Amino acid sequence: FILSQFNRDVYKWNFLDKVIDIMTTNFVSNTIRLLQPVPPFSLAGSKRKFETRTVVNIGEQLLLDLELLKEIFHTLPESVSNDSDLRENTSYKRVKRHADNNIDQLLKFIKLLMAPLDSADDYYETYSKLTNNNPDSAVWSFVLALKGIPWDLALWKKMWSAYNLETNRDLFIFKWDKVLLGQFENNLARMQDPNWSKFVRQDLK
Ligand SMILES: [Ba+2]
Ligand SMILES: [Ba+2]
Ligand SMILES: [Ba+2]
């Protein structure tokens, strides 16, 4: 027997939990659809829709969006409370920590999109910092592609070498749109160029 399903108070907080995740997912999906590379991938079937400098600017704008979002989240609890004696609820805090948690991730994700690509080393320092040392190469790649880098194998290896040299599955921000990452992975294996083909299957995997 399950009694919590008939409790209006338990529900309202679960609902805010859902609103939170919905908004987080939209923020993530829109960002990716915006910035992601257009299949088929190659130096042809290109240039990239945006230069990396512009992606950085975009990142900057998302920070202001993220800020407004944060405020919306801090506001949700007030929508379910007529009684605002809020030292509790052991449930309210759960909601607050949840909002705070999602914002942090977004923040990292964006901070990461805004990172410069001047040195492969400096980029590694911040990539591992911001993803908590995520060893996944597909994630790494999607991120880099999202950053706006063109399909320059020389530059990719330039970037990758530093990463590789220093490095259950953690999908980072893609926790929120597994499918887009999956498609990205597929498109990447479908590259016609033999070098790329070899770079993908042997160097990245
Ligand atoms: Ba600028
Ligand atoms: Ba109220
Ligand atoms: Ba290694």
# chains A, B, ... in the order shown; residues from 1 in each chain; ligands from 1

call {"tool": "closest_atom_pairs", "arguments": {"of": "chain A", "to": "ligand 1", "cutoff": "10 Å", "atoms": "only C-alpha atoms and all ligand atoms", "output": "JSON lines"}}
result
{"residue": "A:53", "atom": "CA", "partner": "ligand 1", "partner_atom_place_in_ligand_line": "1 (Ba)", "distance": 7.2}
{"residue": "A:54", "atom": "CA", "partner": "ligand 1", "partner_atom_place_in_ligand_line": "1 (Ba)", "distance": 7.4}
{"residue": "A:55", "atom": "CA", "partner": "ligand 1", "partner_atom_place_in_ligand_line": "1 (Ba)", "distance": 9.3}
{"residue": "A:56", "atom": "CA", "partner": "ligand 1", "partner_atom_place_in_ligand_line": "1 (Ba)", "distance": 7.0}
{"residue": "A:57", "atom": "CA", "partner": "ligand 1", "partner_atom_place_in_ligand_line": "1 (Ba)", "distance": 4.9}
{"residue": "A:58", "atom": "CA", "partner": "ligand 1", "partner_atom_place_in_ligand_line": "1 (Ba)", "distance": 8.6}
{"residue": "A:59", "atom": "CA", "partner": "ligand 1", "partner_atom_place_in_ligand_line": "1 (Ba)", "distance": 9.6}
{"residue": "A:60", "atom": "CA", "partner": "ligand 1", "partner_atom_place_in_ligand_line": "1 (Ba)", "distance": 7.8}
{"residue": "A:61", "atom": "CA", "partner": "ligand 1", "partner_atom_place_in_ligand_line": "1 (Ba)", "distance": 9.8}

call {"tool": "write_last_selection", "arguments": {"atoms": "N, CA, C and O atoms", "output": "PDB file, in the first residue's frame"}}
result
ATOM      1  N   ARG A  53      34.912  32.967 -30.939  1.00  0.00           N
ATOM      2  CA  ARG A  53      34.758  34.261 -30.256  1.00  0.00           C
ATOM      3  C   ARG A  53      33.285  34.558 -30.015  1.00  0.00           C
ATOM      4  O   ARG A  53      32.912  35.006 -28.932  1.00  0.00           O
ATOM      5  N   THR A  54      32.445  34.261 -31.002  1.00  0.00           N
ATOM      6  CA  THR A  54      31.026  34.552 -30.881  1.00  0.00           C
ATOM      7  C   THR A  54      30.351  33.623 -29.879  1.00  0.00           C
ATOM      8  O   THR A  54      29.451  34.027 -29.134  1.00  0.00           O
ATOM      9  N   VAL A  55      30.788  32.377 -29.874  1.00  0.00           N
ATOM     10  CA  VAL A  55      30.274  31.410 -28.919  1.00  0.00           C
ATOM     11  C   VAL A  55      30.558  31.932 -27.514  1.00  0.00           C
ATOM     12  O   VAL A  55      29.665  31.936 -26.667  1.00  0.00           O
ATOM     13  N   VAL A  56      31.775  32.408 -27.280  1.00  0.00           N
ATOM     14  CA  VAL A  56      32.095  33.011 -25.996  1.00  0.00           C
ATOM     15  C   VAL A  56      31.073  34.118 -25.655  1.00  0.00           C
ATOM     16  O   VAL A  56      30.511  34.091 -24.557  1.00  0.00           O
ATOM     17  N   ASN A  57      30.805  35.043 -26.589  1.00  0.00           N
ATOM     18  CA  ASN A  57      29.815  36.103 -26.364  1.00  0.00           C
ATOM     19  C   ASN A  57      28.480  35.485 -26.040  1.00  0.00           C
ATOM     20  O   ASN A  57      27.754  35.945 -25.155  1.00  0.00           O
ATOM     21  N   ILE A  58      28.115  34.459 -26.788  1.00  0.00           N
ATOM     22  CA  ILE A  58      26.852  33.828 -26.503  1.00  0.00           C
ATOM     23  C   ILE A  58      26.856  33.365 -25.069  1.00  0.00           C
ATOM     24  O   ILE A  58      25.902  33.637 -24.316  1.00  0.00           O
ATOM     25  N   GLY A  59      27.948  32.707 -24.685  1.00  0.00           N
ATOM     26  CA  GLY A  59      28.074  32.214 -23.335  1.00  0.00           C
ATOM     27  C   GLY A  59      27.771  33.323 -22.350  1.00  0.00           C
ATOM     28  O   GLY A  59      27.045  33.129 -21.368  1.00  0.00           O
ATOM     29  N   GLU A  60      28.291  34.506 -22.641  1.00  0.00           N
ATOM     30  CA  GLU A  60      28.122  35.648 -21.766  1.00  0.00           C
ATOM     31  C   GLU A  60      26.663  36.045 -21.594  1.00  0.00           C
ATOM     32  O   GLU A  60      26.224  36.391 -20.491  1.00  0.00           O
ATOM     33  N   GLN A  61      25.920  35.995 -22.690  1.00  0.00           N
ATOM     34  CA  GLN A  61      24.511  36.279 -22.651  1.00  0.00           C
ATOM     35  C   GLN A  61      23.794  35.215 -21.830  1.00  0.00           C
ATOM     36  O   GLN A  61      22.931  35.544 -21.029  1.00  0.00           O
TER      37      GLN A  61
END

call {"tool": "residues_near_ligand", "arguments": {"ligand": "ligand 3", "cutoff": "7 Å", "atoms": "only C-alpha atoms and all ligand atoms", "output": "PyMOL selection string"}}
result
chain A and resi 164-167

call {"tool": "write_last_selection", "arguments": {"atoms": "N, CA, C and O atoms", "output": "PDB file, in the first residue's frame"}}
result
ATOM      1  N   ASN A 164      44.244  13.759 -23.386  1.00  0.00           N
ATOM      2  CA  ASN A 164      44.598  12.371 -23.326  1.00  0.00           C
ATOM      3  C   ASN A 164      45.761  12.213 -22.376  1.00  0.00           C
ATOM      4  O   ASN A 164      45.633  11.496 -21.404  1.00  0.00           O
ATOM      5  N   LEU A 165      46.861  12.922 -22.613  1.00  0.00           N
ATOM      6  CA  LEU A 165      48.079  12.807 -21.793  1.00  0.00           C
ATOM      7  C   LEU A 165      47.823  12.839 -20.290  1.00  0.00           C
ATOM      8  O   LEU A 165      48.564  12.213 -19.535  1.00  0.00           O
ATOM      9  N   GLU A 166      46.769  13.540 -19.866  1.00  0.00           N
ATOM     10  CA  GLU A 166      46.420  13.641 -18.426  1.00  0.00           C
ATOM     11  C   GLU A 166      45.282  12.713 -17.933  1.00  0.00           C
ATOM     12  O   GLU A 166      45.010  12.648 -16.732  1.00  0.00           O
ATOM     13  N   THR A 167      44.630  11.989 -18.843  1.00  0.00           N
ATOM     14  CA  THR A 167      43.527  11.122 -18.437  1.00  0.00           C
ATOM     15  C   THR A 167      43.679   9.665 -18.875  1.00  0.00           C
ATOM     16  O   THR A 167      44.791   9.130 -18.967  1.00  0.00           O
TER      17      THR A 167
END

call {"tool": "residues_near_ligand", "arguments": {"ligand": "ligand 2", "cutoff": "9 Å", "atoms": "only C-alpha atoms and all ligand atoms", "output": "ChimeraX atom specification"}}
result
/A:77-84

call {"tool": "closest_residue", "arguments": {"among": "A:132, A:148, A:162, A:41", "to": "residue 185 (chain A)", "atoms": "only C-alpha atoms"}}
result
A:41

call {"tool": "residues_around", "arguments": {"residues": "residue 110 (chain A)", "least_positions_apart": "5", "cutoff": "12 Å", "atoms": "only C-alpha atoms", "output": "JSON, numbers by chain"}}
result
{"A": [27, 28, 31, 32, 35, 55, 56, 57, 58, 59, 60, 61, 62, 63, 64, 65, 66, 67, 103, 104, 105, 115, 127, 130, 131, 143, 146, 147, 173]}

call {"tool": "atom_distance", "arguments": {"atom1": "CA of residue 157 (chain A)", "atom2": "CA of residue 199 (chain A)"}}
result
8.4 Å

call {"tool": "residues_around", "arguments": {"residues": "region 149-153 of chain A", "least_positions_apart": "2", "cutoff": "8 Å", "atoms": "only C-alpha atoms", "output": "PDB file with N, CA and C atoms, in the first residue's frame"}}
result
ATOM      1  N   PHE A  41      29.437  16.022 -40.959  1.00  0.00           N
ATOM      2  CA  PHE A  41      30.602  16.741 -40.510  1.00  0.00           C
ATOM      3  C   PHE A  41      31.812  16.622 -41.423  1.00  0.00           C
ATOM      4  N   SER A  42      32.465  17.750 -41.703  1.00  0.00           N
ATOM      5  CA  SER A  42      33.768  17.797 -42.421  1.00  0.00           C
ATOM      6  C   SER A  42      34.184  19.250 -42.640  1.00  0.00           C
ATOM      7  N   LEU A  43      35.420  19.477 -43.114  1.00  0.00           N
ATOM      8  CA  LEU A  43      35.915  20.846 -43.408  1.00  0.00           C
ATOM      9  C   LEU A  43      35.034  21.463 -44.535  1.00  0.00           C
ATOM     10  N   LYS A  47      31.804  26.104 -43.448  1.00  0.00           N
ATOM     11  CA  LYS A  47      32.158  26.482 -42.054  1.00  0.00           C
ATOM     12  C   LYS A  47      31.148  26.251 -40.919  1.00  0.00           C
ATOM     13  N   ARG A  48      31.629  26.427 -39.675  1.00  0.00           N
ATOM     14  CA  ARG A  48      30.779  26.358 -38.483  1.00  0.00           C
ATOM     15  C   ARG A  48      29.841  27.558 -38.466  1.00  0.00           C
ATOM     16  N   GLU A  51      31.820  31.514 -35.057  1.00  0.00           N
ATOM     17  CA  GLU A  51      33.242  31.518 -34.691  1.00  0.00           C
ATOM     18  C   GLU A  51      33.321  31.313 -33.180  1.00  0.00           C
ATOM     19  N   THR A  52      34.432  30.780 -32.676  1.00  0.00           N
ATOM     20  CA  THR A  52      34.559  30.550 -31.220  1.00  0.00           C
ATOM     21  C   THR A  52      34.383  31.840 -30.430  1.00  0.00           C
ATOM     22  N   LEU A 144      33.756  20.294 -27.015  1.00  0.00           N
ATOM     23  CA  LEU A 144      34.636  21.020 -27.936  1.00  0.00           C
ATOM     24  C   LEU A 144      33.931  21.470 -29.236  1.00  0.00           C
ATOM     25  N   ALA A 145      33.128  20.576 -29.797  1.00  0.00           N
ATOM     26  CA  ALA A 145      32.396  20.922 -30.980  1.00  0.00           C
ATOM     27  C   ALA A 145      31.454  22.068 -30.620  1.00  0.00           C
ATOM     28  N   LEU A 146      30.783  21.970 -29.476  1.00  0.00           N
ATOM     29  CA  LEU A 146      29.844  23.019 -29.083  1.00  0.00           C
ATOM     30  C   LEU A 146      30.570  24.334 -28.940  1.00  0.00           C
ATOM     31  N   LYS A 147      31.809  24.286 -28.449  1.00  0.00           N
ATOM     32  CA  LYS A 147      32.633  25.481 -28.305  1.00  0.00           C
ATOM     33  C   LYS A 147      32.844  26.229 -29.628  1.00  0.00           C
ATOM     34  N   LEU A 155      44.062  20.752 -35.234  1.00  0.00           N
ATOM     35  CA  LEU A 155      43.662  21.461 -34.042  1.00  0.00           C
ATOM     36  C   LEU A 155      43.000  20.516 -33.019  1.00  0.00           C
ATOM     37  N   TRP A 156      42.188  19.575 -33.488  1.00  0.00           N
ATOM     38  CA  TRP A 156      41.579  18.605 -32.589  1.00  0.00           C
ATOM     39  C   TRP A 156      42.620  17.767 -31.838  1.00  0.00           C
ATOM     40  N   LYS A 157      43.597  17.252 -32.573  1.00  0.00           N
ATOM     41  CA  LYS A 157      44.686  16.494 -31.969  1.00  0.00           C
ATOM     42  C   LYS A 157      45.499  17.383 -31.059  1.00  0.00           C
ATOM     43  N   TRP A 196      40.197  11.257 -40.045  1.00  0.00           N
ATOM     44  CA  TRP A 196      39.158  11.489 -39.048  1.00  0.00           C
ATOM     45  C   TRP A 196      38.624  10.172 -38.588  1.00  0.00           C
TER      46      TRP A 196
END

call {"tool": "closest_residue", "arguments": {"among": "A:49, A:10, A:113, A:128", "to": "residue 94 (chain A)", "atoms": "only C-alpha atoms"}}
result
A:10

call {"tool": "closest_residue", "arguments": {"among": "A:33, A:96, A:129, A:87", "to": "residue 71 (chain A)", "atoms": "only C-alpha atoms"}}
result
A:96

call {"tool": "select_by_dssp", "arguments": {"residues": "region 146-194 of chain A", "states": "alpha helix (DSSP H)", "output": "list in words"}}
result
residues 146, 147, 153, 154, 155, 156, 157, 158, 159, 160, 161, 162, 163, 164, 165, 166, 178, 179, 180, 181, 182, 183, 184, 185, 186, 187, 188, 189 and 194 of chain A

call {"tool": "write_last_selection", "arguments": {"atoms": "N, CA, C and O atoms", "output": "tab-separated table (two decimals), in the first residue's frame"}}
result
chain	number	residue	atom	x	y	z
A	146	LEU	N	30.78	21.97	-29.48
A	146	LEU	CA	29.84	23.02	-29.08
A	146	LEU	C	30.57	24.33	-28.94
A	146	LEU	O	30.01	25.37	-29.28
A	147	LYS	N	31.81	24.29	-28.45
A	147	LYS	CA	32.63	25.48	-28.31
A	147	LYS	C	32.84	26.23	-29.63
A	147	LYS	O	33.21	27.41	-29.61
A	153	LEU	N	41.41	18.62	-38.05
A	153	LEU	CA	42.00	17.48	-37.38
A	153	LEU	C	43.26	17.85	-36.60
A	153	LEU	O	43.46	17.39	-35.49
A	154	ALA	N	44.10	18.70	-37.19
A	154	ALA	CA	45.34	19.17	-36.55
A	154	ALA	C	45.06	19.88	-35.23
A	154	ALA	O	45.74	19.64	-34.24
A	155	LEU	N	44.06	20.75	-35.23
A	155	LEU	CA	43.66	21.46	-34.04
A	155	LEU	C	43.00	20.52	-33.02
A	155	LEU	O	43.22	20.65	-31.82
A	156	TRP	N	42.19	19.58	-33.49
A	156	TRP	CA	41.58	18.61	-32.59
A	156	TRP	C	42.62	17.77	-31.84
A	156	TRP	O	42.55	17.60	-30.62
A	157	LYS	N	43.60	17.25	-32.57
A	157	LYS	CA	44.69	16.49	-31.97
A	157	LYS	C	45.50	17.38	-31.06
A	157	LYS	O	46.00	16.92	-30.05
A	158	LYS	N	45.64	18.65	-31.43
A	158	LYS	CA	46.39	19.64	-30.66
A	158	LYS	C	45.68	19.73	-29.28
A	158	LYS	O	46.31	19.74	-28.21
A	159	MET	N	44.35	19.73	-29.33
A	159	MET	CA	43.57	19.88	-28.13
A	159	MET	C	43.51	18.61	-27.34
A	159	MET	O	43.62	18.61	-26.11
A	160	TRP	N	43.34	17.53	-28.07
A	160	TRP	CA	43.16	16.23	-27.50
A	160	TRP	C	44.39	15.69	-26.80
A	160	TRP	O	44.29	15.00	-25.78
A	161	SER	N	45.55	15.98	-27.36
A	161	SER	CA	46.78	15.48	-26.80
A	161	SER	C	46.89	15.85	-25.37
A	161	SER	O	47.27	15.02	-24.56
A	162	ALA	N	46.58	17.10	-25.04
A	162	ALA	CA	46.75	17.53	-23.65
A	162	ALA	C	45.81	16.75	-22.76
A	162	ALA	O	46.22	16.23	-21.71
A	163	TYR	N	44.57	16.63	-23.22
A	163	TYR	CA	43.56	15.89	-22.50
A	163	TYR	C	43.96	14.43	-22.28
A	163	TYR	O	43.99	13.93	-21.13
A	164	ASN	N	44.24	13.76	-23.39
A	164	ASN	CA	44.60	12.37	-23.33
A	164	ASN	C	45.76	12.21	-22.38
A	164	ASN	O	45.63	11.50	-21.40
A	165	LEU	N	46.86	12.92	-22.61
A	165	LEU	CA	48.08	12.81	-21.79
A	165	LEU	C	47.82	12.84	-20.29
A	165	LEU	O	48.56	12.21	-19.53
A	166	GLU	N	46.77	13.54	-19.87
A	166	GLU	CA	46.42	13.64	-18.43
A	166	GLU	C	45.28	12.71	-17.93
A	166	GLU	O	45.01	12.65	-16.73
A	178	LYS	N	20.41	13.17	-23.26
A	178	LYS	CA	21.18	12.01	-23.67
A	178	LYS	C	21.14	11.80	-25.17
A	178	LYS	O	22.18	11.51	-25.81
A	179	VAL	N	19.95	11.96	-25.74
A	179	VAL	CA	19.75	11.77	-27.18
A	179	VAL	C	20.68	12.63	-28.06
A	179	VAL	O	21.34	12.10	-28.99
A	180	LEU	N	20.73	13.94	-27.80
A	180	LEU	CA	21.58	14.81	-28.63
A	180	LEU	C	23.02	14.36	-28.62
A	180	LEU	O	23.66	14.37	-29.66
A	181	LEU	N	23.51	13.94	-27.45
A	181	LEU	CA	24.87	13.42	-27.33
A	181	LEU	C	25.00	12.14	-28.17
A	181	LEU	O	25.97	11.99	-28.94
A	182	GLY	N	24.03	11.23	-28.02
A	182	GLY	CA	23.98	10.01	-28.82
A	182	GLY	C	24.06	10.34	-30.31
A	182	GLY	O	24.96	9.84	-31.00
A	183	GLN	N	23.15	11.17	-30.83
A	183	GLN	CA	23.23	11.57	-32.24
A	183	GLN	C	24.62	12.11	-32.58
A	183	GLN	O	25.22	11.70	-33.56
A	184	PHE	N	25.13	13.04	-31.77
A	184	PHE	CA	26.46	13.56	-32.00
A	184	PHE	C	27.48	12.44	-32.20
A	184	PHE	O	28.26	12.47	-33.16
A	185	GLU	N	27.47	11.47	-31.28
A	185	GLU	CA	28.38	10.32	-31.37
A	185	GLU	C	28.23	9.62	-32.74
A	185	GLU	O	29.22	9.43	-33.43
A	186	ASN	N	27.00	9.29	-33.14
A	186	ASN	CA	26.74	8.64	-34.44
A	186	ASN	C	27.30	9.40	-35.61
A	186	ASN	O	28.00	8.83	-36.44
A	187	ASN	N	26.99	10.69	-35.67
A	187	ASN	CA	27.43	11.52	-36.76
A	187	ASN	C	28.92	11.49	-36.86
A	187	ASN	O	29.47	11.49	-37.96
A	188	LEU	N	29.57	11.43	-35.70
A	188	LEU	CA	31.03	11.45	-35.63
A	188	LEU	C	31.69	10.18	-36.21
A	188	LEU	O	32.79	10.22	-36.79
A	189	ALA	N	31.02	9.05	-36.07
A	189	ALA	CA	31.54	7.81	-36.60
A	189	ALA	C	31.27	7.71	-38.10
A	189	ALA	O	31.92	6.94	-38.81
A	194	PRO	N	39.23	9.39	-44.12
A	194	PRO	CA	39.98	8.29	-43.47
A	194	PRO	C	40.77	8.66	-42.20
A	194	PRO	O	40.84	7.85	-41.25

call {"tool": "atom_distance", "arguments": {"atom1": "CA of residue 168 (chain A)", "atom2": "CA of residue 101 (chain A)"}}
result
19.9 Å

call {"tool": "closest_residue", "arguments": {"among": "A:74, A:98, A:8, A:93", "to": "residue 21 (chain A)", "atoms": "only C-alpha atoms"}}
result
A:98

call {"tool": "residues_around", "arguments": {"residues": "residue 23 (chain A)", "least_positions_apart": "4", "cutoff": "10 Å", "atoms": "only C-alpha atoms", "output": "list in words"}}
result
residues 18, 19, 27, 28, 29, 69, 73 and 102 of chain A

call {"tool": "closest_residue", "arguments": {"among": "A:190, A:138, A:70, A:195", "to": "residue 100 (chain A)", "atoms": "only C-alpha atoms"}}
result
A:70
